Amino acid sequence: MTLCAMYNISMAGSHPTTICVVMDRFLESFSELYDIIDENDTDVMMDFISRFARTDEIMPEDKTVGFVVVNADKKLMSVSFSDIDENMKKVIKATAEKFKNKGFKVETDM
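Given below as C-alpha cells:
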C-alpha cells in the first residue's frame, strides 16, 4: 500500500500552511521545503507550497502515515504517525532532526 503524510509550516503566529504529500515525495518535499523555509515571504511560501501540493486526499487502496506540525513562531516541530515501518521512519527522523540543525525542537509521536 501507499503511505502519505501531511506537514504544516508556520511562519509566525498566524494561520499556518498545511501540505499533504506521499512519503516518496515527502523526502524531496522536505529537502526543498527546508531550503525555502529560510525565507518568510507569503508569495514564496504560497507559491512553493501550492506548486509542491495539489490538494488531494487518500484513496481506499492506500493510507496516511501521519501528519507533521511545524511552527516557526514557537520554534517547535512534532511528528505524529500511525501504523508505519522502519523504512519510512528513517525519513521521518532524518527530516525532523534536520530541522533541529537550524535551531528548533523535534518531537516524535507514535
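In this note's numbering, the protein residues as written are 14 to 123.
The beta-carbon is built from N, C-alpha and C at its ideal position, and this holds for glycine as well.
Residue i to residue j, Cα distance in whole Å?
i   : j   : result
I32 : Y20 : 5 Å
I97 : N53 : 33 Å
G79 : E41 : 17 Å
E70 : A18 : 11 Å
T55 : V82 : 18 Å
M14 : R64 : 25 Å
Locate the alpha helix (DSSP H) running through residue i, then write down its first and last residues.
i    : result
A109 : 99-113
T55  : 55-65
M19  : No alpha helix (DSSP H) holds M19; the beta strand (DSSP E) holding it covers 16-23.
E70  : Taken as a continuous stretch (DSSP letters only), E70 belongs to no alpha helix (DSSP H), as it is neither H nor E.
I50  : Where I50 is concerned, there is no enclosing alpha helix (DSSP H), given that its DSSP letter is neither H nor E.
Could you please give me the residues that DSSP links to residue i through a beta bridge?
i    : result
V78  : DSSP, once it has assigned bridges, lists no residue as partnering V78.
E120 : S91
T30  : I22
Excluding the five sequence neighbours on either side, which residues of its own chain have a C-beta within less than 7 Å of the C-beta of residue i, listed in chain order?
i           : result
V119        : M90, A109, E110, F112, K113
residue 144 : It is not possible to answer for residue 144, since the shown part of the chain is limited to 14 through 123.
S93         : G79, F80, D122
If I measure Cβ to Cβ from residue i and keep anything under 6 Å in the same chain, skipping five residues before and after, which residues do I get?
i   : result
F43 : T108
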